[PDB]
Each structure stands twice: as C-alpha cells, then as structure tokens.
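Under UniProt numbering, the first residue of the first sequence is numbered 2, with each subsequent residue one higher. Beta carbons are placed, not taken as given, at the ideal position from N, Cα and C, and that holds for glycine.
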Amino acid sequence: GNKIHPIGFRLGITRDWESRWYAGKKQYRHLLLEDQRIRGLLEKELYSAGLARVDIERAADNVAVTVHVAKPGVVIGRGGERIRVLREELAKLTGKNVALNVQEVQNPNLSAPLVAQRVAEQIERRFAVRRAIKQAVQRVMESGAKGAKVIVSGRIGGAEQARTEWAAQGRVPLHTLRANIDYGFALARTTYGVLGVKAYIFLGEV
RNA sequence: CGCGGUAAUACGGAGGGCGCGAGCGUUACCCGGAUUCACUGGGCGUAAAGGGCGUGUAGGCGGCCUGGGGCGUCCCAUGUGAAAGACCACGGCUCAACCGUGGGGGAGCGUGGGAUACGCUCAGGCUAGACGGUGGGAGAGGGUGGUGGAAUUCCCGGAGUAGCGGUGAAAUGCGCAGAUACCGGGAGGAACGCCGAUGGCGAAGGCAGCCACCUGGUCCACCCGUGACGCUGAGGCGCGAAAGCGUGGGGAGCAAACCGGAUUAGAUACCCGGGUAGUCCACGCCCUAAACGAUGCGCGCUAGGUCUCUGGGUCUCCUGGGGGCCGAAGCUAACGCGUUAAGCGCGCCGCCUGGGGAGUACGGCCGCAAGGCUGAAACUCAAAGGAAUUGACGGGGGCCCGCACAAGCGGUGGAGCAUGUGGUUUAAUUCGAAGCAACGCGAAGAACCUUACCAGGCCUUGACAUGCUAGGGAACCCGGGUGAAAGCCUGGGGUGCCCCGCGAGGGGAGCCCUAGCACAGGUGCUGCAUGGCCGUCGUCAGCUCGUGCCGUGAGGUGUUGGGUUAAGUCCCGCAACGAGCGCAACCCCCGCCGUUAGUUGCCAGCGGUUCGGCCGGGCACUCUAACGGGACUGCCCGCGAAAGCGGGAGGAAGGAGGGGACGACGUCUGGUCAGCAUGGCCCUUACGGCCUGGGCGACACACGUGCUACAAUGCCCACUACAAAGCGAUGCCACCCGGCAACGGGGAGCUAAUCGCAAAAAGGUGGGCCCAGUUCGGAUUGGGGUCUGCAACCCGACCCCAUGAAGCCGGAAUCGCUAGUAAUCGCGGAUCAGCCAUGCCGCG
RNA sequence: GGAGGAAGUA
RNA sequence: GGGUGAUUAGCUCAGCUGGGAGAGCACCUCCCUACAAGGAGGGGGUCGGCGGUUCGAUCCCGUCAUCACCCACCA
Ligand SMILES: [Mg+2]
Ligand SMILES: [Mg+2]
Ligand SMILES: [Mg+2]
Ligand SMILES: [Mg+2]
Ligand SMILES: [Mg+2]
Ligand SMILES: [Mg+2]
Ligand SMILES: [Mg+2]
Ligand SMILES: [Mg+2]
Ligand SMILES: [Mg+2]
Ligand SMILES: [Mg+2]
Ligand SMILES: [Mg+2]
Ligand SMILES: [Mg+2]
Ligand SMILES: [Mg+2]
Ligand SMILES: [Mg+2]
Ligand SMILES: [Mg+2]
Ligand SMILES: [Mg+2]
C-alpha cells in the first residue's frame, strides 16, 4: 500500500484548490470552521443528483459558493422552492452574503467520483461488482476519455475474505504531473459492511 | 462430478416450464456406447507391460528358376439349406398390430467339371541367406598353475622422549610398563598405481599386474566347397552380480550385528575408538534384482556430418565389423529416437489391460533355512500415473549491486543523567506497538481534566442528537446553606415572539427544570471479517499488452545472450518488432546570468552629519520574488564498431552539477476498531457520565536512543566581529531602575524586509591553570530565592554557599558515514492556562 | 551450451 | 602398630624437586544469532585441619582426621 493522494500530489499546481481565498493569521480556522460544514451539509443532502465538486469564493464578509453537479433539475426545485430556499436556509448558521451557483455538466461519466458515486450506488444494490465496473470503466473510455482505472476492495460477495478488484484499459500515468487525472473517493455502507470504491480517469496532457 | 459452511435455478413447497401419455418413473439383466481383450480394431524407453541371458525339441515362418499332383484356394452347374424368422411386392380384417399369397439373396456341407497365379507337397537345378577350407587379426572372453613389486598390519633388536590418535570441535581410546615418527630383519594375507579412455571382450552376470598350458566366440581377405542346410522358438537344459547357506580352511585391511565416546530435546543413526560374521580359497547350494539401453531376437529399405577401437586393399582414398556425439524425412502425449531407431515392413517368442489390496492368500514345483517361480479374488478408492508449462520455495550453483566485507573517521558496549521498553510490584502501575519493519514509537503534551487506569463520592433520558406526552414555567442574569468537589436543597429577579379578546382571561413555536418514554452512549471485543491511511522488499527494477513466430496445447519468445549504466539505461545480436505501467523527465530548493520592481541595503559619486545608513538624495551594487536564457556528449584531440570511455577547450558547472518531494505488479492473511467510518457479539440502572486524590516518573535488575565526559588541538576570566532560517498586539519585549541572580515596576516600537525574540558558540587577542584525579565533568544532597497558573512532595526551571561520585578511553561484539558528507559548534519552529520539547522537524 | 566421470534445526 | 600413598573450587583434575591458586563442565549477564555450538567480565577456594624450619611453603619436616592396599600381635 503506497501511492499517495494524486490530487494531493497535484494540488499546488495543475488543478487548483477546491476552495479559493486568502486568510489572515488568527481568522483562518474562524473561516475554515463553518467552511467545512458547508461541504459536509450537502454530501448527503444534495447527493441524489451526483455531487463532485464545491468551490468556495471569499475575500471578506461576502462568500460565493459554487456547486458542480450533473443533475440540477432536482436541486433547483420546481421553480426555486429549493435552490433559492437552500440559500436562505444556509445563512442560519453563517450570516454571510448568501450566494450560489450551479455549473452544468455536459458529460457526467468523465468525473472520477461520479463513477465511484455511481458504483457504490450500484454496489449497495445487490449487483455484480466485476461486471458493474467493466461496464463502468468502458463507458468512461466511451465518453471520449483516453484512459481510466477503477479499483474497489472489501467483502466482494460477502465472503469472509477481502480481495480487491480491477477494471482498467489504457494509460494512467499517476506519477506524471501534466497528466491531469481526477480521483474518486467513494464509500458504501452495505449488508456486510463498508467498501472502498476508488477510480482514476486520465484525461489529457500539457 | 458434486450442491447445502446465509443472501441455494440442485434440499421441502408453490407458480411456472420441459418430456411422455393410459401411461410415467425406479431397480435388475443382455448387447452397445467400451478401439476398455483391439479379426476388422491397441500396445510393452519414462505411463501396466521385453522373459536376467544363452542353447535348443515340437510348432510357426521362409531366397531364385522349371515341371508335375491339385491338399488349402477360386470359378460354373446340381442337391441341400424344411415351415414359420429377416427381405420385396400384392391382398384380408372399418386401418394398424396380426395375418394371408407369392418371389428372390443365401452362410455351410455333399457331388460333378474346370483353373494353378499364391500357400502345400514331389523331382530337379542356382547362388545373396547360412555354414566350412587357406591365410591372418585384435582383444580385462574364460578355467588352471606359478611369479613380481608398492602399501596397510603384526613379531624381534638398536636409537629417542611426553605425547599419539581422532574430529566442525572434543571425548571414548592408546601412551612413563617406553608408544606416535625411524633404521635393520622377519612373518601374513588380500588386491594390482601410471598405462587406463569417453577404449576393448563376451549373450548376459560380469572381466584390469606379469608368464605359460588348455579353451570358446567373432572379424578381415582369398571368387575354393556344400547348395536354402535359414529365423524365431512354448516346454526343457546350462550360466547367472552382490548378499545369504552347508563342509573344510585362510584372515593383513575394511566391516553388517554388538559395546562405548560425542552432537541431540532424546539419537536404537550420520562423526569417532574397538570389533565377530562376511568380503579371500576348494566343493556343493538359493537363482534374486534399477539384470537398465527399464528398448527380445533375425532380415531388408530410409540423408548426412563427426572423434575413435579393429582388419584389408598402392592410401588426408575405397571398403568390413563395433562404441560415442549433433542432426534428413518419419514416429511420440511430449521428453526424445534417428543406418547401433522408439522410422517404413515381415516372421517368431514372452508380456500388458486403473491405482491400493499384492507380487499377497490358497494349491503346486522347487530350496536345509532365508525364500523363489507360477499367480487370482472379496473390499476400497473417482483417482493413480507419464511428459511438459507458469509460479512459488530451497539448508543448489552463477553473475550484478548496495557502508554488505574490507581502507578512514567518529561514536554505542566501559562511568553518571534524560526517554522508552521487558520483568518485578503496588490496589492501578490503561491500551497498542514485537528482528530487520517495537522500544526519544501512537505522545508534536502521564499534577488534577488530557485519561482511556485504580480508590472513594455522586448522576442516571443524561455530557450529545432527533421525535412524541404531562406540570411549572419563556428565555437569561444573580446567590446562599451544606456538601471535599461534583452533586443536593433553596431563594431574588425577570417574563419575550405569533392565533383573538382593551379588558378578568383561552391558545401556540422555541428554550429550561422536574416525571414515561423512542433513545442514544462505550478508548468494550474481533486489523483473522473491513474501508481508508502507513511500513518492508524498495528506489529494488521489475509488472505487462498489440501484431508476428515457435509449439496439439497449457505456454514460450518479446523481457533471454555479450557488454554498459544508478537503473528493462542503452547498444550489438537475437524470430522479433512496438507500446502501456514503472527509471528518468514535466514539479520544488540551491550553482550562473537577464529583465521587471525599490520603506532591506548605499558616501560604490555628492551635500548635513551628535562621523549611526541618522538625512537629502539615488536603484548598478546588497537583498528580495515573478518570468526567462543556459548544460544537450554541444565541439574538438584520441580510444572501444555500438552505447560508452581518458580527456581538453569554452562555460559557473560536463557527462545525473548537488538535495527535496514522486515510491509500479505484488508478498508480509504486515500495523493501526485507540485518528475516523463501519459488519457482527456484548454493555444500557451500567462496561454510559461528573468530581477529589493516586498511577503509567513505582525498582535488586537488563536492553534500546540520546545527553556530559573521563581533558593541554585543554579548561576558566575579560575584551573584540560574521549569520541562514524561523516566530510574535492583547503578544513579542528593547530600554530605565531595582535586583550580587532566575526575575520585579515603568514603557519605546511592532498587527510585522521596519519593531523586537536576539546575546549565537567554535572563532581572534590577553592573563591564569603546567598533568593533577586537576580552575576537566557536573550526579547526589542541605539551606536559600525569583519566576505561571485554583494548586508545584511523588511529579518545574534558572541562580547562590557548597557538597563536588564514578569517570585515566572501555572485552566479546557492534553502529552511521564516500563531500560541505562524517565530526564539532551554536540558532529557530510546531500542540499552549501549565503541562512531558536534550526526543521531532527545520537553519547555519 | 550440451555429456562423461563443500550444508547445525524443526 | 609397621610403610606407600592421598586430600585443593560445587566436580574430573594440573601446580615443579620454594617462590601472589589455576585450566575446563555447571551458575549470572552481554554478543552474533530464534534456539545452541562459541567468545568477554565478575564471582567463586581454611590447598583436610595443627604446628615447625624458611625472608618467603600447594611442594621441606612431625603428629592428627576420613579412607585404600600389604604383614600380624591380641591373653
Ligand atoms: Mg505540481
Ligand atoms: Mg452450516
Ligand atoms: Mg489386431
Ligand atoms: Mg516418473
Ligand atoms: Mg514365461
Ligand atoms: Mg432352395
Ligand atoms: Mg606416548
Ligand atoms: Mg553371527
Ligand atoms: Mg543351501
Ligand atoms: Mg530403397
Ligand atoms: Mg483390480
Ligand atoms: Mg521342504
Ligand atoms: Mg559557479
Ligand atoms: Mg494486515
Ligand atoms: Mg556542559
Ligand atoms: Mg550569570
């Protein structure tokens, strides 16, 4: 077991942070405090739409929160009795300049978590792992991709053992910088217990 | 075959689906499938199978030509082959089954007639097969008798002393009673060094000194003879390694069994000290085998190349007989065989039919016994077996490398102290961590809480979250008594927001307290049930794919071979050619420079200077942080083809310039339920929760990692310069005074290239100490202080008067380190009310 | 390259 | 009684014809390895007690004590 966080190795170059603001000396935590629950609030409320990203725009007092979901037709509400009441009911913990965005998605099956999200959702239902990833790592490559890799591990079949799995076609040069590869963090509470659904999706270079 | 070890298309039921249907299934039997008794239609190198070999009777089989008889054989006719059976047609039952009428095939035998290619037999001829005659050839083929030398062992004489012998090591053992080693003499046995080999000989078993007598087998040439006399061979008969046996001997060495020594957990063994049978000879037995080339004999045909043994022929030439070695086609499951077949055929012999039982039991023939030959079955298993592929593993080798061995330094192990660890104990000394991967590790926070441990006190819908019922109330501030604290009881206030009503007065959302709940909660258990994260191999250099090729196929090649490098890095070659993950490189810090920009810096040029970069002033320089050029074996002198190497110039640096981060497929069923999430078991009047105190610092011990040293390159005192990085407003602390000192009061500047922490030590000068247990070291301990927080005994510093211990260079061992590295000297950070910070991470 | 003729322990 | 001889660690035992008691096994620990071979430190002794010579005794000398062997003298 090795290979540290690819994004954690990216980070300070290529893909920039999942947030964006300077912070002063003793106000860092003070902002990070409620910054995290913002994310933690939605990673099980906004889920049934496929969440993969959440920026945070700040500088002073005013905060601009941008979400990156693929299925917005349900988070927006029948006319606003969601997206505009989610804002108002978001200040209740942090009286800040309530701002929001919703960035569209043209090709869902190209974001690493969305797969791992789809897989776990598909793993929870009694489905065929090896043959729910083979379909997956193919429809990834099908959507104009040029490489992929989706590793899962746990109690496959509920048997007492715990072998991981494989489902990959092509190149995933994790060790290179310009590669630009997104990484998926999933989780699956199940009958037997807890899984570990990962995913790599190579994309391009330069 | 197997399924069921929680989520069953196999079990029991249903719904449904499949197949048959007045039937459907089970069981039993016959044939098949079973090319698995092989006539069609098999095998015997390694799978079950070649007799241990030879000789040979009956039998089977047989070269060329000519003639006869026609026994087998073939052809035609005739008889038989009954009917019913099978076959074809036509008809009778209302079809069909059933039946009827009729017509052929005909295996087989008898008779007649005919044919003679083949097999048989008779007569005759021929020369390849076979044998013989002449001349020769080689040989560990064999039996008998003798004879030679070296070496072990023993006996005798002389000389000489303190050990010999044996093993990984020692011991049993021998030895002052004269050994081991020596010289002289003598005895007695077995077996033959070099030649000697991979060679020769025989049927096999087997055969190795020399000479001789007898003796077998084979081979070459001579154109002589016999003229198919040939081959195989059931039964029989003979030979038959070693061991064992009987009777007589011989016995130097070795040595089963027996005894002792030692290793061991024990050693009925391997190693050693003795040692009987035996191995040796004559005779007579068992007759067994990895008797193996695991390959029966005989003959013919199917390419070669190549060393050699042995004949012959006017000869690096031809030819005959053998033993080895690669390989044509062919064969095999492959390995492999290959003119000496496992190839293509013929003849004959023995043998085989899953493994275990079993080479057994019975019967029989042998043998003195040990045993041998012949040679089954009941029962049981769903495999046993052979070859080859991948991988793992190895107390198999080979190569490459790494502070792994060596050259050098410094240090642990030697003393005292900090930390952690094992044990020991206390009531608790929480848990985890276990060679390399634990032990200055989770801890980068063990005075209380942290805290998970002990003891006591107390709380139980709570310290928390969601939801419901009921009383009081909103909320929220303040206090007291007691009680160690927590907790318990009580008091003063105060009284909001929405549906009405001004009003006396109904209601509701939130929040709080008291009661019933649903509940949550647990550092409880399983890292062997997990997710995630981490270490090791290991920065090792490997992990694989597409096409092609080799193989029946698994698979191999590619990745292997030589060389080179840090490297699967690269080159040559290669039935391979390319690629993906990995090395590298794209990222960061340093070495160089350009520009941009000037609140640090600058008289480098000037103008005031309390002669300070303090100022005016300026941005080359200092420094700072953004993008960029630059180093690619680029060029040249040579070397090895090749990559590469000795260079050299220019360049700052040259062959990776020097560090960081990055760690593939995979093992370690590795570490972590105690960072967190989570299955399952458990705890829920407590295994949950709060407080005071105590404990992980306890100590006869031992280890791990560090700290000062045990001193003259040394140690004190005074004076005199240089940092790089990092950090800080409710904090950093200048500076002033006070303090003989840690520090106290006042307070400048700084939310930060400015202010500060902050004085850096080794360094330089100058004086002392002149080898001492020292003016080296500070452990322990008495007394005395300031310094933070509710509170400093176990369980803080710094400082003063001291007390001043071992320590004189450290055994077996053992540790890191190949360059600004090692050592030495010092400067920061990170958690924080205080608190585990000499450990860690950074800097010079 | 093939062929012939130096380990302590579950 | 007469004379030969011992006896030392816990043990089987050396010391040389006088000059600081020692090699093995066992015991404690440390090492390389996990065991066990194997090394380095330390402890361990009334040289059987008692004496005499000697500057100085494990050894020179004389009685005891516990043995062992041999030859009797016991009315
Ligand atoms: Mg980057
Ligand atoms: Mg069961
Ligand atoms: Mg046949
Ligand atoms: Mg075999
Ligand atoms: Mg027979
Ligand atoms: Mg007839
Ligand atoms: Mg001797
Ligand atoms: Mg005997
Ligand atoms: Mg006999
Ligand atoms: Mg021919
Ligand atoms: Mg059978
Ligand atoms: Mg008899
Ligand atoms: Mg330079
Ligand atoms: Mg594990
Ligand atoms: Mg000091
Ligand atoms: Mg002072």
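| said: Which same chain residues end up closer than 8 Å to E166 when comparing Cβ atoms and leaving out the 5 residues on each side of it in sequence? | reply: Within the first sequence, the letter at position 165 stands for residue 166. Here the set comprises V130, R131, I134, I152, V153, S154 and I157.
| said: Taking the beta carbon of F128 as the centre, do at least 16 other beta carbons fall within 10 Å, making it buried, or is it exposed? | reply: Walking along the first sequence from the start, residue 128 turns up at place 127. Classification of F128: exposed, given that the 10 Å Cβ count is below 16.
| query | Quick one, are the C-beta atoms of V76 and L32 less than 9 Å apart? | reply | Along the first sequence, one-based indexing puts residue 76 at 75. Along the first sequence, one-based indexing puts residue 32 at 31. With a cutoff of 9 Å on beta-carbon distance, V76 and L32 are scored as not near each other.
| said: Give me the DSSP bridge partner(s) of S154. | reply: Against the first sequence, residue 154 aligns to sequence position 153. Paired residues: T165 and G197.
| task | Go ahead and pull the three-state DSSP assignment for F10. | result | Taking the first sequence and counting its residues from 1, the one referred to as residue 10 is at position 9. It is helical.
| task | Just tell me which of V173, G194, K72 and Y184 has its CA closest to the CA of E161. | result | Within the first sequence, numbered from 1, the residue matching residue 161 stands at position 160. Looking at the Cα atoms, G194 is the closest of the given residues.
| task | Assign residue 287 to one of three DSSP states: helix, strand, or coil. | result | Since the displayed the chain opens at 2 and closes at 207, residue 287 lies outside it and no answer follows.
| task | Drop a sphere of 10 angstroms on the beta-carbon of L101, count the other beta-carbons inside from all chains shown, and report buried for 16 or more, exposed for fewer. | result | Taking the first sequence and counting its residues from 1, the one referred to as residue 101 is at position 100. Label assigned to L101: exposed.
| task | Give every residue of the same chain whose Cβ lies closer than 6 Å to the Cβ of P73, excluding the five residues on either side of it in the sequence, and list them in chain order. | result | Residue mapping note: residue 73 aligns to position 72 of the first sequence, counting from 1. Counting only residues of its own chain and dropping the five nearest sequence neighbours on each side, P73 has a CB closer than 6 Å to the CB of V103.
| query | Taking DSSP as the reference, what is the three-state secondary structure of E58? | reply | Here residue 58 refers to the residue found at position 57 of the first sequence. In the three-state DSSP reduction, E58 falls in the strand class (E or B).
| field | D183 and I8 closer than 9 Å at C-beta | value | The sequence position of residue 183 within the first sequence is 182, counting from 1. The sequence position of residue 8 within the first sequence is 7, counting from 1. Yes, these two residues count as a Cβ contact at 9 Å.
| Where does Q104 fall in DSSP's three states? | Numbered from 1 along the first sequence, position 103 holds the residue referred to as residue 104. Three-state DSSP puts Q104 in a strand.
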